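Read through the structure below, which is laid out as structure tokens, and then see the notes.
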Number of protein chains: 2
Amino acid sequence: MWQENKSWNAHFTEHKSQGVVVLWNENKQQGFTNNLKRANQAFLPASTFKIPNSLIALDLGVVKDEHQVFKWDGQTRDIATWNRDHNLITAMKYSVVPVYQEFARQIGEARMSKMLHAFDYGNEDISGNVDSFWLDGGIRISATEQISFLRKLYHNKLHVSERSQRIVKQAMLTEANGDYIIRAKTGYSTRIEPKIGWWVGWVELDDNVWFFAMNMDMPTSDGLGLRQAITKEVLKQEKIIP
Amino acid sequence: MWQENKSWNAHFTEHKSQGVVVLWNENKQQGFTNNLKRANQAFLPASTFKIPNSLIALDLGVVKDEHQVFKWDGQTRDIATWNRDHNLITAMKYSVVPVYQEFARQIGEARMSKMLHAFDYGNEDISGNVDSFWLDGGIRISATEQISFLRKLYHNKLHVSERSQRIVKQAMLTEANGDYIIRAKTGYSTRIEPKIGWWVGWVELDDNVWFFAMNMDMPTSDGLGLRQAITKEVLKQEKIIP
Ligand SMILES: O=S(=O)(O)c1ccc(-c2ccc(S(=O)(=O)O)cc2)cc1
Ligand SMILES: O=S(=O)(O)c1ccc(-c2ccc(S(=O)(=O)O)cc2)cc1
Ligand SMILES: [Cl-]
């Protein structure tokens with residue numbers, strides 16, 4: 001069911017990095033990883049939590065559709081793409097934290113806890129601040145737990161409307177060409193050690209889907225593109241993408 | 001409403017070709033084309049009909065979802081990608097006619113005719129074989145009529161469920177990167193003169209969507225790649241994509 005391939009560590013060492021990549025072959029019901037232990041260690045989800053947060057806001061009517069505009073609050077922040085109006089698509093694409101903090105406040109603690117319990121998401125713990133617990137609160141999730149959550153979403157099995165799940169999967173769209181489709185979400189856990197970069201999602205092929213969940217040590221923002229670079233190197237090594 | 005911009009004709013003359021490109025700026029509600037007459041000339045839709053065909057098959061339950069596998073019927077045909085099992089996603093990607101002919105036969109002429117009238121689709125005529133009328137029957141649609149149909153699909157305003165429209169828009173996914181998303185459908189009218197190629201769809205940006213419908217003279221299959229190349233050069237010139 002699960003099997004270890006330490007050859008992938010070469011792609012992390014090439015960049016003075018350390019992390020885990022978890023792959024799940026859906027047709028084969030078989031998984032692969034370079035580090036079985038780290039694959040099952042739980043971290044703050046950071047902005048990968050925007051996937052469940054989006055599903056919850058949509059199912060509860062906090063967000064009516066993927067076109068609804070959440071207007072900039074006028075506060076100029078460090079990330080320039082945040083200083084503008086957004087909808088669900090662009091809020092996801094640029095990980096616009098302030099938009100999702102507003103979602104979390106509207107959802108509230110009671111509804112957020114009950115939804116995460118129904119999702120079986122990570123340790124299901126929302127302890128901490130209602131609008132920041134996924135960045136510095138008590139919630140934790142492993143790479144394999146991310147995949148288990150992503151598989152339910154792919155098959156429309158979560159306890160939200162199929163419509164909510166289809167909208168979030170549209171918003172997760174990251175890349176598409178004649179060879180594959182990638183639906184994924186980045187994340188960067190900075191507030192609580194150890195600082196890690198996330199990348200979770202899946203690769204749609206003609207005949208199959210490969211779910212993936214990776215995280216890696218990330219001491220600064222400069223290495224964030226290594227998330228994408230290293231995952232693709234593993235995908236290329238395993239003959240999943242050309 | 002429509003502004004003629006015949007500088008685009010340069011992009012057709014470079015490649016020994018002739019045709020029309022039609023653009024619709026959704027935010028501004030203004031349209032652009034290099035040839036208003038041809039923009040309103042109605043042709044056989046060819047495999048661009050796979051968009052309404054998909055919508056009807058899904059709304060009637062002929063297609064359960066985008067994952068349902070439709071087995072190869074065993075007959076080896078000239079296009080190698082057709083000689084395999086398909087789902088809705090890959091049947092649209094590779095324009096697998098025999099799969100959609102089976103859809104059309106199950107839909108039947110009565111429901112096909114009723115649905116195209118509800119869709120306001122072209123001249124709404126399905127005379128000929130129910131499983132080939134978009135290739136050699138009486139149906140005709142112009143580039144501007146493709147735009148108006150696609151605009152309803154984008155806004156979920158066609159007379160089918162929101163679910164069917166979301167699934168078909170997912171299946172139209174052609175290309176996606178950090179700059180744009182293209183949902184579109186190719187078509188090649190081969191059986192009745194004039195032989196023409198189609199490309200219809202839209203380009204999703206952060207802040208806007210640009211609908212497009214193009215067709216061009218296509219006497220040989222060697223020029224089919226010019227549909228996307230010419231369209232993209234127009235999009236590049238208009239600063240829609242980089
Ligand atoms: O602590 S702040 O509230 O100012 C903060 C700033 C930035 C981020 C951030 C960074 C990168 C990414 S992503 O590259 O992984 O998508 C996602 C989110 C999170 C929190
Ligand atoms: O007449 S046949 O039944 O043998 C036939 C053969 C080929 C095609 C065809 C060709 C190209 C494209 S596409 O490049 O626009 O996607 C779509 C469809 C249609 C019918
Ligand atoms: Cl999509």
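Letters A, B, ... mark the chains of the structure tokens in the order given; residue numbers begin at 1 per chain; ligand numbers begin at 1, in order shown.
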> In Å, how much C-alpha RMSD is there between chain A and chain B after the fit, with all atoms paired in order?
Replying inline: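 RMSD over all C-alpha atoms: 0.2 Å.
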Would you write out, as CSV, a table of all residues in chain B that have an atom no more than 6 Å from an atom of chain A, listing for each the closest atom pair and the distance in Å to one decimal, considering only C-alpha atoms and ordering rows by chain and rising residue number?
residue,atom,partner,partner_atom,distance
B:175,CA,A:176,CA,4.8
B:176,CA,A:176,CA,4.6
B:177,CA,A:175,CA,4.9
>> Taking only C-alpha atoms and all ligand atoms into account, which residues have an atom no farther than 10 Å from ligand 1? I'd like them as an NGL selection string.
In response: :A and (46-48 or 50 or 77-79 or 82 or 92-98 or 101 or 132 or 135-136 or 185-191 or 196-199 or 221 or 223-225 or 227)
>> At a cut-off of 7 Å, using only C-alpha atoms, what residues contact residue 19 (chain B)? Leave out same-chain residues fewer than 5 positions from it and give the result as a PyMOL selection string.
In response: chain B and resi 12+215-217
Keeping only C-alpha atoms, write those residues as a JSON list (two decimals), in the first residue's frame.
[["chain", "number", "residue", "atom", "x", "y", "z"],
["B", 12, "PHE", "CA", -4.18, 35.14, -41.58],
["B", 215, "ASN", "CA", -13.10, 29.87, -37.90],
["B", 216, "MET", "CA", -10.89, 29.68, -40.97],
["B", 217, "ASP", "CA", -10.69, 27.90, -44.31]]
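In this structure, CA of residue 4 (chain B) sits 5.3 Å away from CA of residue 34 (chain B).
Using only C-alpha atoms, the nearest neighbour of residue 152 (chain B) within the list B:60, B:107, B:26, B:36 is B:26.
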> Where in region 40-239 of chain B does DSSP assign strand (DSSP E), given as a PyMOL selection string?
Replying inline: chain B and resi 173-176+181-189+196-204+209-217
>> For residue 71 (chain A), find every residue with an atom within 10 Å (counting only C-alpha atoms), except residues of its own chain fewer than 2 positions away, and show them as number ranges by chain.
In response: A: 68-69, 73-74, 83-87, 99
> Which residue gives the smallest distance to ligand 2 among B:226, B:115, B:58, B:209, with only C-alpha atoms and all ligand atoms counted?
Replying inline: B:226
>> Using DSSP secondary structure from the backbone, list all alpha helix (DSSP H) positions within region 161-213 of chain A, as number ranges by chain.
In response: A: 162-171
Just N, CA, C and O atoms for this one: save the residues we selected as a PDB file, in the first residue's frame.
ATOM      1  N   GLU A 162     -22.133  18.915  -3.419  1.00  0.00           N
ATOM      2  CA  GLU A 162     -21.265  18.642  -4.562  1.00  0.00           C
ATOM      3  C   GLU A 162     -20.891  19.937  -5.271  1.00  0.00           C
ATOM      4  O   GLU A 162     -19.769  20.079  -5.774  1.00  0.00           O
ATOM      5  N   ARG A 163     -21.816  20.902  -5.297  1.00  0.00           N
ATOM      6  CA  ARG A 163     -21.534  22.199  -5.909  1.00  0.00           C
ATOM      7  C   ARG A 163     -20.364  22.894  -5.225  1.00  0.00           C
ATOM      8  O   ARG A 163     -19.476  23.432  -5.896  1.00  0.00           O
ATOM      9  N   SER A 164     -20.343  22.892  -3.888  1.00  0.00           N
ATOM     10  CA  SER A 164     -19.234  23.514  -3.170  1.00  0.00           C
ATOM     11  C   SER A 164     -17.914  22.831  -3.499  1.00  0.00           C
ATOM     12  O   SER A 164     -16.880  23.494  -3.632  1.00  0.00           O
ATOM     13  N   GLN A 165     -17.930  21.505  -3.638  1.00  0.00           N
ATOM     14  CA  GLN A 165     -16.696  20.780  -3.921  1.00  0.00           C
ATOM     15  C   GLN A 165     -16.220  21.033  -5.346  1.00  0.00           C
ATOM     16  O   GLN A 165     -15.013  21.155  -5.590  1.00  0.00           O
ATOM     17  N   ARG A 166     -17.154  21.141  -6.296  1.00  0.00           N
ATOM     18  CA  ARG A 166     -16.774  21.429  -7.674  1.00  0.00           C
ATOM     19  C   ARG A 166     -16.206  22.837  -7.807  1.00  0.00           C
ATOM     20  O   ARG A 166     -15.259  23.057  -8.571  1.00  0.00           O
ATOM     21  N   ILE A 167     -16.762  23.799  -7.065  1.00  0.00           N
ATOM     22  CA  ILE A 167     -16.266  25.173  -7.131  1.00  0.00           C
ATOM     23  C   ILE A 167     -14.849  25.259  -6.581  1.00  0.00           C
ATOM     24  O   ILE A 167     -13.987  25.940  -7.150  1.00  0.00           O
ATOM     25  N   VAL A 168     -14.582  24.575  -5.466  1.00  0.00           N
ATOM     26  CA  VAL A 168     -13.250  24.631  -4.872  1.00  0.00           C
ATOM     27  C   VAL A 168     -12.237  23.943  -5.776  1.00  0.00           C
ATOM     28  O   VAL A 168     -11.108  24.421  -5.941  1.00  0.00           O
ATOM     29  N   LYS A 169     -12.628  22.830  -6.400  1.00  0.00           N
ATOM     30  CA  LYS A 169     -11.719  22.165  -7.327  1.00  0.00           C
ATOM     31  C   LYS A 169     -11.425  23.034  -8.544  1.00  0.00           C
ATOM     32  O   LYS A 169     -10.303  23.004  -9.066  1.00  0.00           O
ATOM     33  N   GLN A 170     -12.407  23.815  -9.007  1.00  0.00           N
ATOM     34  CA  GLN A 170     -12.131  24.807 -10.042  1.00  0.00           C
ATOM     35  C   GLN A 170     -11.122  25.840  -9.547  1.00  0.00           C
ATOM     36  O   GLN A 170     -10.172  26.191 -10.256  1.00  0.00           O
ATOM     37  N   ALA A 171     -11.313  26.334  -8.322  1.00  0.00           N
ATOM     38  CA  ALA A 171     -10.434  27.360  -7.771  1.00  0.00           C
ATOM     39  C   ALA A 171      -9.033  26.839  -7.480  1.00  0.00           C
ATOM     40  O   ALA A 171      -8.094  27.638  -7.397  1.00  0.00           O
TER      41      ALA A 171
END
> Skipping near chain neighbours, those fewer than 3 positions away, what residues fall within 12 Å of residue 14 (chain A) using only C-alpha atoms, listed as a list in words?
Replying inline: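 In the requested form, the answer reads residues 7, 8, 9, 10, 11, 17, 18, 226, 229, 230 and 233 of chain A.
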>> Nearest residue to ligand 3 out of A:114, A:160, A:183, A:15, using only C-alpha atoms and all ligand atoms?
In response: A:183
>> Please report the interatomic distance between CA of residue 66 (chain B) and CA of residue 106 (chain B) in Å with one decimal.
In response: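 Separation between CA of residue 66 (chain B) and CA of residue 106 (chain B): 17.2 Å.
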